[PDB]
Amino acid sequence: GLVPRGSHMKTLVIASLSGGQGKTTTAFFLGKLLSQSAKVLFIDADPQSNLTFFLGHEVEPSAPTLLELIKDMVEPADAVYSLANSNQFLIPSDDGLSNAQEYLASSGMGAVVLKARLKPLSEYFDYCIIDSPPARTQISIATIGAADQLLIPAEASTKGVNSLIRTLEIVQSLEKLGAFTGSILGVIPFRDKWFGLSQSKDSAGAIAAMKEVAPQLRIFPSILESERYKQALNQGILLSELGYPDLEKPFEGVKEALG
């Protein structure tokens, strides 16, 4: 049973055209951090289902997940599961989430299907954090449509700059069509390589080119390349709890920009 409150749930989406463990990382640590003093709803919109795994949830056989919520086969709240933490909940994903592609496309309003599905939950949480799939897919675009704020991780590399660009053009076209009504929180570069005191010229350049391509956008302190992210993720804890609080700073920065 879900306790309703005075809350008007603010939906944040971590979206980026290309394949990146950057979104899932950013969704995990950012959600966990928001849940310190707020009620947070995680949505795992990637058919790879990592966020669901990292948050330590397993989907039982006849259990309704995101797929069932998208296809209107179940009340929204029946796809919301409680987590270990008392402030964190999860609309999971497993195997067949990709069957949502056909359903969404053929509906003729894919990009706003999820936005609709989640309205009912508006009063029950303070935040919704969506980890979107690593492609242009129907789903990909339904998450963007659902967003009040959009956060775009981008690899500090040429591939990352090109992905930032394709993502902004996808967003713009959804805005023109009326699907995307939110604003863009900013870009958060990731896999930024440093060699002690000097950063990789390649990373410095990509990040410099991000500010050029999108001078209107805010570019957050970046996520250093580091195995720690994967280590904490694996044991389901924050980076500060693992012992490396500096790495947590760029996520703190994002939290502070939502308040």
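Position 1 is the first residue in the sequence shown; the rest follow in order.
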Mean Cα B-factor comparison, 6-14 or 21-29, giving the higher one as deposited
6-14
Mean Cα B-factor check, 107-115 vs 78-86, entry values; winner is 78-86
In terms of recorded Cα temperature factor, pick the maximum from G145, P92, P153, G96.
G96
If you compare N162, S132, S173, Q149, which has the highest Cα B-factor in the entry?
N162
Lowest, middle or highest third: which one holds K230 when the chain's residues are ordered by CA B-factor from the entry?
lowest
Would you mind checking where the Cα B-factor of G56 ranks among the modelled residues of its chain, as the lowest, middle or highest third?
lowest
B-factor third for the C-alpha atom of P215 within its chain:
highest
Would you mind ranking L121 by its C-alpha B-factor against the rest of the chain and naming the third, lowest, middle or highest?
highest
Taking only the Cα B-factors deposited for this chain, tell me whether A208 sits in the lowest, middle or highest third.
highest
